[PDB]
Amino acid sequence: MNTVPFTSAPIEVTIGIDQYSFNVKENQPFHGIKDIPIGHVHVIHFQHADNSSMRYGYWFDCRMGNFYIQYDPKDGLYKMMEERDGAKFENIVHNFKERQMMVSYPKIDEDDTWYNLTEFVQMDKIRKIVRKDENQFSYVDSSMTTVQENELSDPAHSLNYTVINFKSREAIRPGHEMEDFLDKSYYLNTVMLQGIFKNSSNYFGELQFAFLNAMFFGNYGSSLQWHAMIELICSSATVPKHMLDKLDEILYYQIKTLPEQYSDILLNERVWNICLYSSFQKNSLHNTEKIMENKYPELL
Amino acid sequence: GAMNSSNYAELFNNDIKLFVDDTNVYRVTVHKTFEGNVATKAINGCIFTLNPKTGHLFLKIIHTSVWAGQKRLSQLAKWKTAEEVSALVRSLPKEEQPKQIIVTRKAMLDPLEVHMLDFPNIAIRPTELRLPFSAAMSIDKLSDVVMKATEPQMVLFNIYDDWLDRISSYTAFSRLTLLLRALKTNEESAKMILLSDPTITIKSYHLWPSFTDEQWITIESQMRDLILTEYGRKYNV
């Protein structure tokens with residue numbers, strides 16, 4: 001189990017750790033989160049009590065270093081930092097636990113929720129989407145635009161998701177215009193899977209990282225990317241049997257975890273009615289369709 | 001963006017553009033079979049591609065053989081249209097390719113866009129206008145060349161005859177569409193009106209009668225009267 005200590009908490013803030021969150025009061029003696037399951041990626045995120053705008057946070061993996069939070073009063077935010085002195089870090093962690101100033105990552109043992117939302121998410125792939133290679137952890141926030149969005153301004157602070165565009169030369173082979181635009185299997189299986197992602201696990205991981213950025217930061221471009229990756233598959237007549245069964249699980253947990261009140265801005269009506277009822281794959285997402293009908297019948 | 005009554009005079013500036021109308025590309029007759037089911041029989045059709053500034057019409061004839069062995073023909077027909085319009089553009093000198101293509105039905109946007117990917121700087125636009133180009137097969141000489149075709153074929157016309165020698169393209173297009181509107185709403189009456197007088201003929205190289213300026217005025221007034229009468233009839237107004 002791992003620990004992320006905080007130096008202090010100088011300002012009132014709601015803290016998230018994966019799908020959990022806690023309110024922390026200004027200068028409350030709060031010094032970090034313990035018991036964080038090793039083995040997965042994690043995200044620790046922030047919403048100031050004063051600015052309900054700009055949710056921001058950090059994706060990280062405890063196997064890649066000792067990470068801690070410290071508020072910066074020049075930049076006005078909780079910053080993730082890495083302690084390179086292992087001994088110094090055990091020393092702080094042990095002292096705070098002894099003083100019991102830390103909340104415990106509150107995992108229910110039956111619950112695979114987080115695993116199921118990050119199964120294919122790798123930290124090495126994250127750090128290519130959020131390029132900032134002097135850091136082992138990755139910063140994301142509400143307002144960061146994607147590379148495709150930048151095309152239709154600052155590249156250091158962009159999300160470099162894989163560009164999908166149904167009306168592009170990439171997606172459409174000359175002479176198979178109608179075929180390739182109605183049946184995207186070529187684009188999914190040769191261009192994207194064999195071409196760019198190399199395997200379905202990397203595809204699935206980006207899909208999953210995109211949803212979680214949409215859900216946790218309300219990142220609009222990340223929601224766009226998520227829905228594009230779903231549509232590409234659902235509009236493909238030929239998809240490995242193993243990918244469809246894994247997608248149905250992937251989406252199930254994503255729909256299951258979403259805040260009910262956010263279903264209006266996080267779920268694109270068109271894409272879901274297409275995938276569930278019109279596409280090639282309309283009969284192949286049996287768990288996803290059942291949970292959508294029972295939780296969000298209005299949207300369909 | 002969409003073409004509508006507001007940006008209507010853009011059609012007559014010097015930026016090259018084409019209308020595409022696909023309504024007569026896939027044409028069928030419906031009939032009963034011996035067992036008493038219903039079957040369709042396709043007939044030859046056409047793509048109505050038109051430069052409203054100059055009157056040049058590119059009449060691409062769609063031979064029934066194009067459909068042989070295909071499914072979902074009404075959908076196929078939108079993709080064929082896009083394929084043929086693309087081939088036309090590719091066939092034109094650069095300085096002649098259009099800067100815009102206006103589709104008369106929003107279903108053509110996606111197929112043309114896909115087929116026009118090689119021409120990113122040609123803008124594909126829909127329209128809100130209710131243009132009557134589906135009546136183009138009420139123009140005898142056009143219906144004849146489509147119905148007599150024995151293979152795929154492209155045939156060039158000027159749909160304004162020589163009108164532009166005396167009127168602006170604004171006025172030419174308005175006469176064209178008033179004419180086609182009348183043919184659409186009551187074909188028999190419209191045609192009666194154009195051809196009642198045997199002494200006014202159609203030149204071999206023309207589509208319409210060689211009316212004098214004054215006679216065109218009587219004609220246009222008759223077509224208007226026709227259209228309004230048919231409207232009163234349709235709605236009991």
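Proteins get letters first, then strands, A, B, ... in listed order; numbering begins at 1 in each.
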Atom pair CD1/CG of A/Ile172 and B/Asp118 - distance to nearest 0.5 Å: 11.5 Å
Within this structure, what is the CD-CZ distance for the pair B/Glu113 and A/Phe166, rounded to the nearest 0.5 Å? 13.5 Å
Within 6.0 angstrom of [X] [atom1], more than 12 heavy atoms from elsewhere:
X	atom1	result
A/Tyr262	OH	no
A/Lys295	NZ	yes
A/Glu269	CD	no
A/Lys128	NZ	no

Please classify the contact of B/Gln75 with chain A as side chain, backbone, both or neither, using a heavy-atom distance under 4.5 Å. both
Between A/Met178 and B/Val114, is any pair of side-chain heavy atoms under 4.5 Å apart? no
